[PDB]
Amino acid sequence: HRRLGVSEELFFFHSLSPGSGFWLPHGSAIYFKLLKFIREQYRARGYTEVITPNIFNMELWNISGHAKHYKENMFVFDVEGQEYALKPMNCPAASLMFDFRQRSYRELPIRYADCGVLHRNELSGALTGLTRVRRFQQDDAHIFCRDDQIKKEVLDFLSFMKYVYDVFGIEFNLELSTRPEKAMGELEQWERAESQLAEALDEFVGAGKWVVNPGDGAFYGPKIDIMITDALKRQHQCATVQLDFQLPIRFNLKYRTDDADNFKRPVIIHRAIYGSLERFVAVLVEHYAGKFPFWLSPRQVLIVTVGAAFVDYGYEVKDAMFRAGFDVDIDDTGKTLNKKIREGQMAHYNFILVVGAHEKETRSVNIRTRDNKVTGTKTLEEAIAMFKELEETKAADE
C-alpha cells in the first residue's frame, strides 16, 4: 500500500534533504501522539526524560567505539580544527549524564529516556520513505542497574513493550542471543546476566516457548532478540533489549556500594519500543492501511452540513469538538450530503457527524462511522463523552 504514497498529507520528502522527513500537520499529529503516549508511560514506569546535545567532539566517539565501528555511518565535520560528529546514538551522552554526580547503590536503577535527533549517513539513492532515513528520533532510553537487578528490569520492560504493542494489535517474538566467540566481558558477567535474561523470559513467556540463538550476542553484551509482526504479516525490528558491559567501563561509570569506599560498575541496557518514531509510523500506516484508531487518528471527526441554514450550527459543533480536544473538520459546502459523507469516508475520518435541522434544534449530532455504520443520533454532550472514552481507552476498531 506504500508509506510514501499514503501522503494524503502526512509527510513528504524533498531533494534538498533526502532522508529527512517533512511532517505536515496531520503527520505531526500522529508523531506527537505517539510521543505523548510513550511519555505517559515513562512517567508511570520510572523513567525521567532528559535532553542532550546533538554534536560532539570526536573524542567522545573514540571513547565509545563509534570511531572504530561506525565512522562511515556518521556525519563528520570540523570545528575549530577539531573533528566533530552529529550523533548517531544517544547511548554515550547518557553515560555522561550518569557520571554527573556520584551514585549510591540504593539509587538503582536509574532510567533515562532520550528523544533526541539522530543522524546516520546513507547513500542518497538508497533512501526511501521512513524505512530508510538519515534523520530520526528513537524512543531511546538507556538503563543503569546493578547486576542483581537485571531480571526485574527486563521483566518490567517486557510488560511495557507488550502494553504498548497490544494497543496497536502488534505481535512479538523473543529469543535470547548469547555470548559470541569474540567478546569483551569477564565470564562471570555474562553468566549472571544471561541467567537472569533466561529467568525473565521463562516468567514472561514461560519455560518452554523461547528459542536461544547461542553465540549471537553482541560483543559487548547479551541481548534479547525481538521481532514484531504487523497485520500484513511482515516482520520488523523495532524493539530492543541489549545489555552493554563495555560502555560502563569506557566512561568509567560507578556506583558506591553500601560498604564503600569501594564501587562497582552498572550494567547498561539500551532499550526501545518504537525503534524510532519515523519507523513506527511507517509500520502503522501500512498496518492500518491508513485507517487509524480514534485515539491516534489525525482525522477524528468530520462535520457535514445538510444545508446552508445549519452551517453556523456546524461551526458550533466543531468548536465544541475542538475544545474537547479532538481533531475535527467541517465540510461546509454545497456538495451533496451523500457526497460529503462519502468523501469523508474516503478521507478516513473515524466519525462523520451530520447536522441537520433536527440536530440543531436538539443540540445533537447524527453519527456515521467510517465503515458506514449508523450509530445513533446523540446529544453533543453524549457524543463528546463517547469520544473521550474511545480516546481514553485507546480502543481499536477490531
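Residue positions are given as counts along the sequence shown, with the first one as 1.
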property: Greater mean Cα temperature factor according to the PDB record, 100-108 or 136-144; result: 100-108
property: Stretch exceeding the other in mean C-alpha B-factor - 345-353, 59-67; result: 345-353
property: C-alpha B-factor winner, where the candidates are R192, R271, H119, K162; result: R192
property: From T336, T52, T48, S28, residue of greatest CA B-factor; result: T336
property: Among modelled residues of the same chain, the CA temperature factor third for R299; result: middle
property: Third assignment of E316 from its chain's C-alpha B-factors; result: highest
property: CA B-factor placement of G376, once the chain's modelled residues are sorted into thirds; result: highest
property: Ranked against its chain, the third holding the CA B-factor of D261; result: highest
property: CA B-factor ranking of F387, expressed as a third of its chain; result: middle
